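> Just passing along the structure, written as C-alpha cells.
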Amino acid sequence: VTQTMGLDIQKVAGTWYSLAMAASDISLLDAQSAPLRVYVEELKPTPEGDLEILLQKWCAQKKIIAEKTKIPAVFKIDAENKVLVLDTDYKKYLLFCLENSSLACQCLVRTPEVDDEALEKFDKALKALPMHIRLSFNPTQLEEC
Amino acid sequence: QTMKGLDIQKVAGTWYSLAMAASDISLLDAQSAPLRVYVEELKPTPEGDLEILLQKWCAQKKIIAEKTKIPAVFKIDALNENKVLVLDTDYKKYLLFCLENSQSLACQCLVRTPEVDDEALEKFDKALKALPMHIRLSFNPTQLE
C-alpha cells in the first residue's frame with residue numbers, strides 16, 4: 001500500500017456512501033454477512049484527531065473508533081487493526097483500505113450519486129493490490145445495507 | 001461480442017472456473033447464489049449441442065444447450081436462464097462465456113488446468129469492459145482444486 005493520502009481529518013467530517021469495495025480474500029466480502037461487507041454512513045473526527053466511523057452491517061449500526069497514529073493517513077482500529085486513507089478531495093470521494101498486521105478497500109462518496117471519477121481513482125489504486133473480489137453499488141442500494 | 005468461427009468440438013473436456021462476474025451482486029455474492037456455479041466439464045454432442053457439467057453449494061448441476069444459427073451461441077433448455085455465449089477460446093488453455101436471461105448476465109473465465117493464468121484474466125477483464133458488471137471474483141489454485 002504505497003499511495004497514502006497531508007490528510008486533514010477534520011475536512012472528511014459528514015455522511016458518506018460506500019460506492020465500491022474490494023478485498024484480497026473472497027471470504028471477506030462475498031456473503032451479505034461477510035466480515036468486511038460494511039457500508040460507511042458517517043465519519044466523525046474528534047477534537048483529539050481520532051476518527052469515529054458509523055457504518056451498517058447485515059441491518060445493525062456499528063460505531064468504530066479509529067485512533068490517530070504518528071502517520072496522518074493511518075488510524076489504529078480496535079477490531080483488522082489499520083485504516084489507511086489512500087486519497088480524498090474532501091468534497092466528493094475518499095478511498096481507504098483496512099488491513100491486519102486481510103486487505104479490504106472502499107470507495108466513498110459524499111452523495112448517493114453514481115460517480116465514475118471516484119470509481120476511476122478507486123480502480124487505479126487497486127491495480128498495485130492483490131484483489132480477488134470487487135463490488136460496486138447503484139444509487140438505489142446507496143440509499144437502502 | 002461472440003467468438004467468430006468457434007469449433008465447439010475442440011472445447012470438449014474438463015475446465016476450471018478461474019473468474020466470474022455478474023450484472024447483479026445478488027447473482028454471485030452468496031456461496032448459494034444462483035450463478036455461483038463452478039464449471040467441471042463441457043460435453044459437445046456430435047450434433048453440435050452442448051452439455052455443461054457444474055458444481056453449486058457440493059451438488060452436481062447440468063446445463064443442456066442447443067445449437068443456434070450462430071456457432072458461439074447456444075439456447076439453454078431451461079425456462080429463465082436462456083443463452084450461453086462463448087466470447088473467446090484458444091481451445092487448449094482458456095474459454096470465456098456468458099449466461100444471460102431475456103436481462104441478468106454472468107460471465108466466467110475457464111482454464112483447462114487448475115492454475116491461474118494472466119492471459120485468461122486479461123482477456124476476461126477486456127471482454128467485461130463493454131458489459132454492465134457490478135461484481136467480479138477471481139480464484140487461487142487452492143480454491144481451483
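Ordered as shown in the C-alpha cells, chains take letters A, B, and onward, while each chain numbers its residues from 1 and ligands are numbered from 1 in the order shown.
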Got a sec: who's within 10 Å of residue 117 of chain A, counting only C-alpha atoms, leaving out chain neighbours fewer than 5 positions off, as a VMD selection string?

chain A and resid 92 to 93 122 to 123

> Output the contact residues of chain B with respect to chain A at a cut-off of 7 Å, based on only C-alpha atoms, as a count of residues only.

8

> Based on DSSP run over this structure's backbone, return all residues of segment 46-121 of chain A in helix (DSSP H, G or I), as a list in words.

residues 116, 117, 118, 119, 120 and 121 of chain A

> Please produce a file of those selected residues containing N, CA and C atoms, as a short mmCIF file (atom, residue, chain, number, x, y, z; two decimals), in the first residue's frame.


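Wrote it out as selection-v3.cif, contents follow:
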```
data_model
loop_
_atom_site.label_atom_id
_atom_site.label_comp_id
_atom_site.auth_asym_id
_atom_site.auth_seq_id
_atom_site.Cartn_x
_atom_site.Cartn_y
_atom_site.Cartn_z
N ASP A 116 -18.32 8.20 -11.55
CA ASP A 116 -17.30 7.49 -12.35
C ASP A 116 -15.89 7.98 -11.97
N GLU A 117 -15.71 9.25 -11.59
CA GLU A 117 -14.39 9.77 -11.16
C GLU A 117 -13.92 8.99 -9.91
N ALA A 118 -14.78 8.89 -8.90
CA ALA A 118 -14.50 8.14 -7.66
C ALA A 118 -14.07 6.70 -8.01
N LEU A 119 -14.85 5.99 -8.84
CA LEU A 119 -14.57 4.58 -9.24
C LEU A 119 -13.30 4.50 -10.08
N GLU A 120 -13.02 5.50 -10.91
CA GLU A 120 -11.81 5.52 -11.77
C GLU A 120 -10.59 5.57 -10.85
N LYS A 121 -10.57 6.49 -9.89
CA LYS A 121 -9.45 6.60 -8.91
C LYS A 121 -9.38 5.32 -8.05
#
```

> Select from chain B everything DSSP, run on the backbone, classes as strand (DSSP E), then give the selection as a ChimeraX atom specification.

/B:13-14,16-22,38-44,50-56,59-67,73-76,81-89,94-101,105-111,135-138

> Would you mind exporting C-alpha atoms of the selected residues as a PDB file, in the first residue's frame?


```pdb
ATOM      1  CA  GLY B  13     -13.347 -31.967 -21.619  1.00  0.00           C
ATOM      2  CA  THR B  14     -12.529 -30.680 -18.072  1.00  0.00           C
ATOM      3  CA  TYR B  16     -11.971 -24.922 -14.035  1.00  0.00           C
ATOM      4  CA  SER B  17     -13.779 -21.657 -13.096  1.00  0.00           C
ATOM      5  CA  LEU B  18     -10.881 -19.122 -12.606  1.00  0.00           C
ATOM      6  CA  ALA B  19     -13.045 -15.925 -12.537  1.00  0.00           C
ATOM      7  CA  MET B  20     -16.718 -14.843 -12.666  1.00  0.00           C
ATOM      8  CA  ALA B  21     -18.587 -11.558 -12.894  1.00  0.00           C
ATOM      9  CA  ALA B  22     -22.297 -10.610 -12.941  1.00  0.00           C
ATOM     10  CA  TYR B  38     -18.162 -23.839 -10.970  1.00  0.00           C
ATOM     11  CA  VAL B  39     -17.748 -25.448 -14.420  1.00  0.00           C
ATOM     12  CA  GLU B  40     -16.399 -29.063 -14.329  1.00  0.00           C
ATOM     13  CA  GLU B  41     -16.862 -30.263 -17.979  1.00  0.00           C
ATOM     14  CA  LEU B  42     -18.015 -29.139 -21.484  1.00  0.00           C
ATOM     15  CA  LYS B  43     -19.565 -32.077 -23.459  1.00  0.00           C
ATOM     16  CA  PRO B  44     -20.425 -31.036 -27.035  1.00  0.00           C
ATOM     17  CA  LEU B  50     -23.607 -28.508 -25.577  1.00  0.00           C
ATOM     18  CA  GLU B  51     -23.848 -30.071 -22.121  1.00  0.00           C
ATOM     19  CA  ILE B  52     -22.156 -28.024 -19.318  1.00  0.00           C
ATOM     20  CA  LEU B  53     -21.479 -30.000 -16.052  1.00  0.00           C
ATOM     21  CA  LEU B  54     -21.137 -27.737 -12.947  1.00  0.00           C
ATOM     22  CA  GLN B  55     -20.916 -27.820  -9.123  1.00  0.00           C
ATOM     23  CA  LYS B  56     -23.018 -25.491  -6.856  1.00  0.00           C
ATOM     24  CA  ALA B  59     -24.324 -30.709  -5.781  1.00  0.00           C
ATOM     25  CA  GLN B  60     -23.685 -31.616  -9.484  1.00  0.00           C
ATOM     26  CA  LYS B  61     -25.717 -29.457 -11.941  1.00  0.00           C
ATOM     27  CA  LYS B  62     -26.271 -29.886 -15.731  1.00  0.00           C
ATOM     28  CA  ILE B  63     -26.951 -27.079 -18.303  1.00  0.00           C
ATOM     29  CA  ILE B  64     -28.338 -28.535 -21.609  1.00  0.00           C
ATOM     30  CA  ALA B  65     -27.940 -26.065 -24.531  1.00  0.00           C
ATOM     31  CA  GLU B  66     -28.965 -26.484 -28.210  1.00  0.00           C
ATOM     32  CA  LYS B  67     -27.118 -25.037 -31.248  1.00  0.00           C
ATOM     33  CA  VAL B  73     -24.427 -19.002 -29.151  1.00  0.00           C
ATOM     34  CA  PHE B  74     -26.409 -21.861 -27.510  1.00  0.00           C
ATOM     35  CA  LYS B  75     -30.112 -21.791 -26.477  1.00  0.00           C
ATOM     36  CA  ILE B  76     -30.395 -23.153 -22.917  1.00  0.00           C
ATOM     37  CA  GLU B  81     -31.621 -18.561 -17.960  1.00  0.00           C
ATOM     38  CA  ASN B  82     -31.811 -18.510 -21.756  1.00  0.00           C
ATOM     39  CA  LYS B  83     -28.449 -18.289 -23.647  1.00  0.00           C
ATOM     40  CA  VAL B  84     -24.794 -19.437 -23.350  1.00  0.00           C
ATOM     41  CA  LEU B  85     -22.438 -17.116 -25.340  1.00  0.00           C
ATOM     42  CA  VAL B  86     -18.802 -18.208 -25.976  1.00  0.00           C
ATOM     43  CA  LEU B  87     -16.928 -14.856 -26.237  1.00  0.00           C
ATOM     44  CA  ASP B  88     -13.438 -16.351 -26.876  1.00  0.00           C
ATOM     45  CA  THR B  89     -11.303 -19.537 -26.512  1.00  0.00           C
ATOM     46  CA  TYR B  94      -8.885 -20.748 -21.655  1.00  0.00           C
ATOM     47  CA  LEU B  95     -12.530 -20.166 -22.627  1.00  0.00           C
ATOM     48  CA  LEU B  96     -14.697 -17.078 -21.813  1.00  0.00           C
ATOM     49  CA  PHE B  97     -18.512 -17.459 -21.826  1.00  0.00           C
ATOM     50  CA  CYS B  98     -21.601 -15.542 -20.543  1.00  0.00           C
ATOM     51  CA  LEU B  99     -25.010 -16.871 -19.390  1.00  0.00           C
ATOM     52  CA  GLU B 100     -27.964 -14.448 -19.968  1.00  0.00           C
ATOM     53  CA  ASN B 101     -31.755 -14.219 -19.456  1.00  0.00           C
ATOM     54  CA  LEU B 105     -25.732 -11.588 -17.113  1.00  0.00           C
ATOM     55  CA  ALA B 106     -22.973 -13.819 -15.576  1.00  0.00           C
ATOM     56  CA  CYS B 107     -19.600 -14.408 -17.335  1.00  0.00           C
ATOM     57  CA  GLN B 108     -16.807 -16.811 -16.455  1.00  0.00           C
ATOM     58  CA  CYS B 109     -13.144 -17.260 -17.326  1.00  0.00           C
ATOM     59  CA  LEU B 110     -12.367 -21.024 -17.650  1.00  0.00           C
ATOM     60  CA  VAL B 111      -8.939 -22.702 -17.708  1.00  0.00           C
ATOM     61  CA  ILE B 135     -19.289  -7.892  -9.149  1.00  0.00           C
ATOM     62  CA  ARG B 136     -16.060  -9.739 -10.197  1.00  0.00           C
ATOM     63  CA  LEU B 137     -14.418 -12.708  -8.314  1.00  0.00           C
ATOM     64  CA  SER B 138     -11.103 -14.497  -9.194  1.00  0.00           C
TER      65      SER B 138
END
```

> With only C-alpha atoms as the counted atoms, please give the residues lying no more than 8 Å from residue 140 of chain B, apart from itself and same-chain residues fewer than 4 positions off, as a PyMOL selection string.

chain B and resi 18+115-116+144

> What gap, in Å, lies between atom CA of residue 83 of chain A and atom CA of residue 14 of chain A?

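Interatomic distance, atom CA of residue 83 of chain A to atom CA of residue 14 of chain A: 17.5 Å.
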
> With a distance cut-off of 10 Å and only C-alpha atoms, select the neighbouring residues of residue 110 of chain A, excluding the residue or stretch itself and same-chain residues fewer than 5 positions from it, and output the selection as a list in words.

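Within the cut-off, the hits are residues 12, 13, 14, 15, 16, 17, 18, 19, 41, 42, 90, 91, 92, 93 and 94 of chain A.
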
> To one decimal in Å, tell me the separation between atom CA of residue 107 of chain A and atom CA of residue 139 of chain A.

13.8 Å

> Might you pull out every residue within 10 Å of segment 59-74 of chain A, with only C-alpha atoms counted and same-chain residues fewer than 4 positions away left off, and present them as a ChimeraX atom specification?

/A:4-9,33,38-46,48-55,78-79,81-87,96-98,145
